[PDB]
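[1] Sequence first, structure after, both from an experimental entry:
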Amino acid sequence: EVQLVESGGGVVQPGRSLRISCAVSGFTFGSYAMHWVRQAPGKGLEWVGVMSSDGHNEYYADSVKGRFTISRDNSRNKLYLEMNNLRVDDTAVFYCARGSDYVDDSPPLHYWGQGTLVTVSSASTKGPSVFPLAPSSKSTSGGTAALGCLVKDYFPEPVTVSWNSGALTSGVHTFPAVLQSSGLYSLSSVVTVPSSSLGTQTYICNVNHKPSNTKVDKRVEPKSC
Amino acid sequence: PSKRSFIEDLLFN
Amino acid sequence: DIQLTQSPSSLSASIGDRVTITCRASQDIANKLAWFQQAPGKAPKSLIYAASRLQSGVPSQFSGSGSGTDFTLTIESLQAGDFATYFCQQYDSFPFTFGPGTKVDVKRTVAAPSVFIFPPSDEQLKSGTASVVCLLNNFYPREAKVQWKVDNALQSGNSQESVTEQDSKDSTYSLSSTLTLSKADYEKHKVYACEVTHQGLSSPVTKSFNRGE
Ligand SMILES: [Cl-]
């Protein structure tokens, strides 16, 4: 079975260079042209470039302008992408993909790896502050109240949020985080509950930020307004 | 080490 | 390089529908045109190559047609795994290029959002910042507009939003928007409002509070 596995992604400071790699199995690496594709968060697929099976030839997307270099090693059967002068919007998943096969009538980009995420940031690892989104008359509709937690100023992704240690799952919405201008992430998690429950039931969001070993259990109290 | 990516090789020529 | 345009940019459909998505190339690319499917958080999957050849392992409700500059992906009888994003891609010449993608989501009746607003917590205020959160819950279709107004002044550049994936059970979306001010600026103003525009609302809905209430 054809397999491609990217490695080397992670958090890197802007301006640095980063080399990611792709290891293969299930075919003869040296027989194939090899491609890289990138996908920025929430954006479309973007071809990066290709190197010929013997390494003699390469071609890049118009936007690369010499800043990324593909290389390969037909003895260890590894493909590389070296990304130089990194900037914040270089943050993307990078996929390696095999070139075509004329014998099997397989097109370029038939077989892909799972991707490796490159995150370009000057930020330091920081656990979030967890603030209540308190239920009030401003978050009620009919007989339901919305409440939540704001998980603010953490880096890097991801965080996880549960409610009441996983006992509360119905009506939960945990949103994608946003990256603030500070370079720290901010995420919200909300749940709708019966308004009648607010006087007797305790609502706690359990927040886990494993990169910083932060665990916060924030009780969300109602407001009288 | 036979070349299999004919499409790409043709474009490189 | 060769530009690939796709149409529509998004569409909603139901199980069993016939769906067509087009790709147009800015130059003749003969039959060197592929279609990809992508689900969230997964690598794309090759569906079609050489404009009309179905890839191994792909269900045959997918078919491709076209040659030269105009291409069509047809999904003859839409099934549950086919709610996804579709990309065309040309390999007629270097550099290889992709179209921008077409997202197919699940059709349902219009549902107006339930709108809720949350003032900043005393804990956050003590730290010198005020975040105000506006929640738009369980609406359809996905397109929605949030406007933040502070004492009737429209806010620009100080809010961010994100939207959940379509709910697997009720096919709705929800959206969260955060307005962030310094505590010093937050205390300069009284009325904090979120104004929501959506197809299910005959007039925009405003939720607001007064600082200190
Ligand atoms: Cl592209």
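    It's in. Residues are numbered from 1 along each chain as shown, chains lettered A, B, ... in the order given.
[2] Going by C-alpha atoms from here, please, whenever you check contacts or count neighbours.
    Noted.
[3] For residue C:11, see how far away the nearest residue to residue C:87 once chain neighbours are set aside is.
    The shortest distance from residue C:87 to any non-neighbouring residue, by Cα to Cα, 6 or more residues apart in numbering or on different chains, is to residue C:101 (4.5 Å). Taking Cα to Cα, to the nearest Å as the measure, residue C:101 falls 11 Å from residue C:11.
[4] Report the central residue of chain B.
    Geometric centre of chain B, nearest residue: residue B:9, 2.6 Å, by Cα atoms, centre = their mean.
[5] hmm, the host helix or strand of that residue touching chain C?
    Here residue B:9, judged by DSSP states H and E, is contained in helix B:6-11. Yes. On the criterion Cα under 8 Å from any Cα of the partner chain, helix B:6-11 is in touch with chain C at residue B:11.
[6] Mind listing residues that contact that helix?
    Among residues not part of helix B:6-11, those counted as contacts by Cα atoms under 8 Å, 6 or more residues apart in numbering or on different chains are A:33, A:52, A:99, A:100, A:101, A:102, A:108, C:93, C:94.
[7] Nearest spatial neighbour of residue A:184, chain-adjacent residues omitted?
    Nearest non-adjacent residue to residue A:184 (Cα to Cα, 6+ apart): residue A:153, at 4.9 Å.
[8] Show me the residue of chain C that gets nearest to the ion, please.
    residue C:97 (3.6 Å; Cα to the ion).
[9] In the chain, which residue is most central in space?
    Let's take chain A. residue A:117 (6.3 Å).
[10] hmm, I had chain C in mind actually
    residue C:142 (6.7 Å).
[11] on that earlier part again, what about the residue nearest to the residue nearest to the centre of chain A when sequence neighbours are not counted, distance to chain B?
    Spatially, and ignoring its direct neighbours in sequence, residue A:117 is nearest to residue A:93 (4.2 Å; Cα to Cα, 6+ apart). From residue A:93 over to chain B the distance is 24 Å, taken as Cα to the nearest Cα, to the nearest Å.
[12] for residue A:221, same thing?
    On the measure of Cα to the nearest Cα, residue A:221 and chain B end up 62 Å apart.
[13] what are the phi and psi angles of the closest residue to that residue other than its chain neighbours?
    Excluding its sequence neighbours, the residue lying closest to residue A:221 (Cα to Cα, 6+ apart) is residue A:134, at 6.0 Å. Main-chain dihedrals, residue A:134, degrees, to the nearest 10: phi -80, psi 140.
[14] Let me know whether residue A:134 touches residue A:140 as I believe.
    No. Using Cα atoms under 8 Å, residue A:134 is not in contact with residue A:140; the gap is 11.0 Å.
[15] Comparing these two, which residue is more hemmed in?
    residue A:134 (23 against 20; other Cα atoms under 10 Å in any protein chain shown).
[16] sorry, back to before: the residue nearest to the centre of chain A - that's part of a helix, no?
    No. Residue A:117 is assigned strand when assessed by DSSP: H, G, I helix; E, B strand; the rest coil, not a helix.
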